[PDB]
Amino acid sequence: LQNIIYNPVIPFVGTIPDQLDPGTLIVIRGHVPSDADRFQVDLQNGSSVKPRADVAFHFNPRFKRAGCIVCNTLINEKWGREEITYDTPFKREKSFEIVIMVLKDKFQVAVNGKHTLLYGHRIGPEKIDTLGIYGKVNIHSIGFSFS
């Protein structure tokens, strides 16, 4: 793991230090606080707030009832079609490890050592330069492994 960031302040917005070529890993460790409604990891084209930066990959756990993960893409401030994963491995009051692997045609996401979902590229991964983490979550560390 390279360019490791420890105990960032949330919301975190930071520049990904190298290109997201296939085989690249983003490793995020943290825990979900007890009153958590949702949080999100956003892979962004830039960090502009107005107009809001495009989000190539929105990864968004929600914690109401059984919960879900919602994945989507924001282009010119418009959300596309949602892809919802109902079998969530996140729970309130539990620690997690998210590993996002970038492949040629999609992201693959594993949580706590177990494959969770695939998400097909809607924007070219070469446009992504910014990692954003927002909402009710505590991040212990963020690390990269570049191919």
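Note that residue numbering begins at 1 and tracks the sequence as displayed.
- Averaged over their C-alpha atoms, the temperature factors of 21-29 and 120-128 are higher for 120-128.
- The deposited model assigns a higher average Cα B-factor to 91-99 than to the other stretch when 37-45 and 91-99 are compared.
- Sorting 106, 78, 58, 115 by the CA temperature factor given in the entry leaves 78 at the top.
- Residue-level temperature factors show residue 68 in the highest third of its chain, judged at the C-alpha atom.
- Per the PDB record, residue ranking by Cα B-factor puts residue 142 in the lowest third of the chain.
- Ranked by C-alpha B-factor against the other modelled residues of its chain, residue 110 falls in the lowest third.
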